[PDB]
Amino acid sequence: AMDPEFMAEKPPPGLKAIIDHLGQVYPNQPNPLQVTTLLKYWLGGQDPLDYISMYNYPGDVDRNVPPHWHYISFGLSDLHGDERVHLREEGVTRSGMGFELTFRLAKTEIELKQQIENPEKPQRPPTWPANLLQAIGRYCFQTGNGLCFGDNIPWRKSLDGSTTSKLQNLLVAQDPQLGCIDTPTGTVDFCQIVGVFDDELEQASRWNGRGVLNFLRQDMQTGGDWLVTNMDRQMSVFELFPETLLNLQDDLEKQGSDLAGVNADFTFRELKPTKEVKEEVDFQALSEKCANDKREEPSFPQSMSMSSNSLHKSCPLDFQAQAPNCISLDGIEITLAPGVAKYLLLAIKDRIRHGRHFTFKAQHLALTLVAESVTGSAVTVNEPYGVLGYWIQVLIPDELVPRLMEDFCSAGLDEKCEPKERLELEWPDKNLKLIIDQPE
């Protein structure tokens, strides 16, 4: 059940519109169980969701839909429009963060006996998902990370806080009943939250969310058509149907990856034969300058996830220096911690090959790999290596992709690999060296 210390139980333009659209979707249920916060967010509270509606879905096995409870949140979208939670720039079309969380929780067989069999007195939904929904609402607000259809939410805890449930992580889908609605405060996506296994999460991150969700839609055992979460699920979709692993390969080779980047311990240095390496291209110097001197903007790597195509109006940095030029490097030696070596293959085979970019972000500086057809970069074929303030950019030409993939295999860089040895890789014709090892 919900935490009683925080939650219990003309109207605002955002509230009225959502509740009216919900009226359309649920005509038999005009007064559903609704929960609210004791201390609202605009009054100092930690909890961003003002209300959580809880609907009773009886079931419909003809379509692939089990009996379940449907949860809808009010708070992430702009409900009031008077600048009490969400800012209005007057140029934005989204209402607040532009969406509201929905959750579909399968009824347990214990609850199912009551529905038809044991008694026909009113069946009140379980309230525990209120805790779950607030928690990810806090996540959204504190990171600035809005949710898109196919997004993942790394989450390393059973959604109910139990010791029995194997579902630890979250995927984001389109709600099959609620779509996107126009409100007087802007637009509202309906982002359905879906509980998943660890391997199901990794695959969505390395490939794409929609593809994993499509596997989960295929059978009742995995959520059915409307992606219903069952907290008793024993096996992942790849364990139950090993067929889907094969289909994943087919479409990974064709579609590539949606993963824009990783937090990664790395270092770079200029491979220069002629003059003096200045302070503006030195890792240690630049990192010291960067260190010296709720959330409106998304954070890494969601900030880089909008355009896999372009680097325009996007930056992998929290704070960026004023840098008038891209300072061109004659050569570059990249040192990469072995823990993230499993992302180079991903970078080249799944991003650069498809005309996309991939960013390795360290403590202060960021390294981005770039394909020839990526726009908005400070880097060119003739000058492929550059440092733009605290942002390093490295061009990888199409001709170099097959060479990089080939050499990665010989070194044994797999999706699962973690080199216990020091690895030196070089391409002298391109003035590019890669070292798999711990920095300094």
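Just count from 1 along the sequence shown to find any residue number.
- The modelled chain breaks after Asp293 and resumes at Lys294, leaving 10 or more residues of the deposited sequence without coordinates.
- According to the entry, the stretch of the deposited sequence that connects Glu9 to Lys10 contains 4 to 9 residues lacking coordinates, which leaves a gap of moderate length in the model.
- The deposited model assigns a higher average Cα B-factor to 242-250 than to the other stretch when 229-237 and 242-250 are compared.
- In this entry, 179-187 has the higher mean Cα B-factor, the comparison being between 366-374 and 179-187.
- Among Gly339, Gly150, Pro129, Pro273, the highest C-alpha B-factor in the deposited entry belongs to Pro273.
- As recorded in the PDB entry, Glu90 shows the highest C-alpha B-factor of the residues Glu200, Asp350, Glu90, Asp265.
- Per-chain ranking of the deposited C-alpha B factor places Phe408 in the highest third.
- Sort the modelled residues of the chain by CA B factor and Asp282 lands in the highest third.
- Among the modelled residues of its chain, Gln114 has a C-alpha B-factor that falls in the highest third according to the deposited record.
- In the deposited entry, the Cα temperature factor of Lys157 places it in the lowest third of its chain's modelled residues.
- The PDB entry assigns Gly144 a C-alpha temperature factor belonging to the middle third of its chain's modelled residues.
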